[PDB]
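Visitor: Can you look at this? It's an experimental structure, sequence on top.
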Amino acid sequence: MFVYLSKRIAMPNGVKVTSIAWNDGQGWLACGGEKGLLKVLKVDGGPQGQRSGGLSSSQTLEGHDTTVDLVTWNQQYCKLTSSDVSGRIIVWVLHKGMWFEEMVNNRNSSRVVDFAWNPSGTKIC
Amino acid sequence: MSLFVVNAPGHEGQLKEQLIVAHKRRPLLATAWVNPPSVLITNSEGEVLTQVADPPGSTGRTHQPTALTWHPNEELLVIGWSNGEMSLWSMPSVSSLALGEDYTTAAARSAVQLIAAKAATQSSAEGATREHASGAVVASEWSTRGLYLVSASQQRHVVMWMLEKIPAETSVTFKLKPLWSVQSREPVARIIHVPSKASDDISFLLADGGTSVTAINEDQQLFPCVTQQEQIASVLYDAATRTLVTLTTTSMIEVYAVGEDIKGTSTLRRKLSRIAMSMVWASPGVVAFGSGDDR
């Protein structure tokens, strides 16, 4: 098994990355960073997209007042979820190709340290 | 037999020599004026479309437009001022109205172009003076596909700018975001681009008017491409054949073949037997130049 670097993408403002999660079904990579930076890029996983360097979409999402700490994916329904240091959790669902919020919650009790989906993508812990 | 009809739209300011920019495909033209500093955007035939004054947020000081560049496909202009700010002039697209094909005449197209350019917007890129370190934006250059921008200030800084074309309710807006902060030896006189395939990659060359022709790529390092024994005068590049020509102030020309890592190998070296020397591409593979003489 071999590895080699083959690309590099710089964040705007040089914001340091704190979380990252790549979807399986379609290809929407998601990155996060401080000052509430959240980005969703689309990369084509096919060999044609690897040869042609396919990055079709790039959308900067917002709704987090501080660093995007945790990013998770659901591949059965292609549903994204992100967190915040301040203690908020936001779910994101694709409408007609772009990304919009669907639910924002703030427990105001502790700091979320993890969440994950089952193989069916039906429950988030 | 032919004759040149002349249109001379006067402006209250003073014209600049090298600050005239022309779109490659769309019939557009823009040029800068100083005291009062502004930019005049006109169609190809010479009729004035619009004028844009000092960048927004100016506190009573008129700023000289120091650099202009046209988007290769979009009808979008980028203006680097003298106070460190950077502005983008964008007019709403005609095709966004989705009207009929009745624009078969030049006058009707000119009228709809004028009424679209009337409602144009000048947007400010945030923190441009921070990236240029409060220095006048000397030069700018879009990529071949128009996705990447390179800006060069007078404080010996080169900044990479990312273009984001976001959709809105009625039109499509553009945001320019800084990425890097690259130090240069001198303020860059000319920024050129190299395409990966002859016809989205990072391959630019910066000529600062000295003895350095510094290449730059996605590695975020200002590695020189070709450096000659004399101070460079200008660089002339052919994208299809990847052929570089370096011309010095002492009437010396060298021809390099640019590789993938932007490295040149000399294959044609020649000598030529106040007006600064000018050199342009007469034909693919054929270069025409004059030294201010009669020939």
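Guide: Arrived safely, thanks for sending. Numbers count the residues shown, from 1 in each chain, chains lettered A, B, ... in the order given.

Visitor: what about the closest residue to residue B:209 other than its chain neighbours, distance to chain A?
Guide: Nearest residue to residue B:209, sequence neighbours excluded (CB to CB, 6 or more residues apart in numbering or on different chains): residue B:189, at 4.4 Å. (Each C-beta comes from the backbone N, C-alpha and C, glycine too.) As for residue B:189, its distance to chain A is 26 Å (criterion: CB to the nearest CB, to the nearest Å).

Visitor: What is the burial count for residue B:189?
Guide: The tally of other residues near residue B:189 (other CB atoms under 10 Å in any protein chain shown) stands at 18.

Visitor: can you check residue B:102 too?
Guide: 7.

Visitor: cool, residue B:264 as well?
Guide: Residue B:264: 21 neighbours (other CB under 10 Å).

Visitor: which ones are touching the closest residue to it other than its chain neighbours?
Guide: Setting aside the residues directly before and after it, residue B:264 is nearest to residue B:256 in space (CB to CB, 6+ apart), at 2.7 Å. Residue B:256 makes contact with B:226, B:243-246, B:264-267 under the criterion CB atoms under 8 Å, 6 or more residues apart in numbering or on different chains.

Visitor: how much space between the residue nearest the centre of chain A and residue A:119?
Guide: Taking CA atoms, centre = their mean, the centroid of chain A lies closest to residue A:30, which sits 2.9 Å from it. Separation of residue A:30 from residue A:119 (CB to CB, to the nearest Å) stands at 20 Å.

Visitor: show me what contacts residue 34?
Guide: I went with chain A, as the question did not name one. Contacts of residue A:34 (CB under 8 Å, 6+ apart): A:15-16, A:18, A:66-67.

Visitor: Sorry, I should have been clearer: chain B.
Guide: B:13-14, B:16, B:64-65.

Visitor: Helix or strand for residue B:87, just tell me which one.
Guide: Assigned by DSSP states H and E, residue B:87 falls within strand B:86-90.

Visitor: which helices and strands does that strand pack with?
Guide: If you count contacts as 3 or more CB pairs under 8 Å, 6 or more residues apart in numbering or on different chains; DSSP states H and E, strand B:86-90 packs onto strand B:76-80, strand B:121-124, strand B:172-178.

Visitor: In the stretch 1-150 of chain B, what residue lies closest to chain A?
Guide: Nearest residue of the stretch 1-150 of chain B to chain A: residue B:127, at 8.1 Å (CB to the nearest CB).

Visitor: For that residue, give me the backbone phi and psi.
Guide: When quoted as degrees, to the nearest 10, the phi and psi of residue B:127 stand at phi 70, psi 20.

Visitor: and the nearest residue to it once chain neighbours are set aside, how many neighbours?
Guide: Spatial nearest neighbour of residue B:127, chain neighbours left out: residue B:178 (6.6 Å); criterion: CB to CB, 6+ apart. Per other CB under 10 Å, the neighbour tally for residue B:178 reads 23.

Visitor: Can you give me every residue that contacts residue B:178?
Guide: Residue B:178 neighbours (CB under 8 Å, 6+ apart): A:12-13, B:125, B:127-128, B:131, B:159-162.

Visitor: a markdown table for these, including secondary structure?
Guide: Output for the contacts of residue B:178, formatted as a markdown table (DSSP: H, G, I helix; E, B strand; the rest coil):
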| residue | secondary structure |
| --- | --- |
| A:12 | helix |
| A:13 | helix |
| B:125 | coil |
| B:127 | coil |
| B:128 | helix |
| B:131 | helix |
| B:159 | strand |
| B:160 | strand |
| B:161 | strand |
| B:162 | strand |
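
Visitor: Which positions in the stretch 101-250 of chain B make contact with chain A?
Guide: Applying CB under 8 Å from any CB of the partner chain, we find that the stretch 101-250 of chain B lies next to chain A at B:160, B:162, B:164, B:177-180, B:200, B:218, B:220.

Visitor: Give the buried subset of those residues as a PyMOL selection command.
Guide: Buried residues among those (16 or more other CB atoms under 10 Å in any protein chain shown), as a PyMOL selection:
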select buried, chain B and resi 160+162+177+178+179+180
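
Visitor: With distance to residue B:212 as extra columns, can I get the residues of the stretch 101-250 of chain B next to chain A in JSON lines?
Guide: Output for these, formatted as JSON lines (distance: CB to CB, whole Å):
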{"residue": "B:160", "distance to residue B:212": "19"}
{"residue": "B:162", "distance to residue B:212": "26"}
{"residue": "B:164", "distance to residue B:212": "32"}
{"residue": "B:177", "distance to residue B:212": "28"}
{"residue": "B:178", "distance to residue B:212": "23"}
{"residue": "B:179", "distance to residue B:212": "22"}
{"residue": "B:180", "distance to residue B:212": "18"}
{"residue": "B:200", "distance to residue B:212": "27"}
{"residue": "B:218", "distance to residue B:212": "20"}
{"residue": "B:220", "distance to residue B:212": "18"}
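
Visitor: Of the residues of the stretch 101-250 of chain B next to chain A, just say which sits nearest to residue B:105.
Guide: residue B:164 (35.9 Å; CB to CB).
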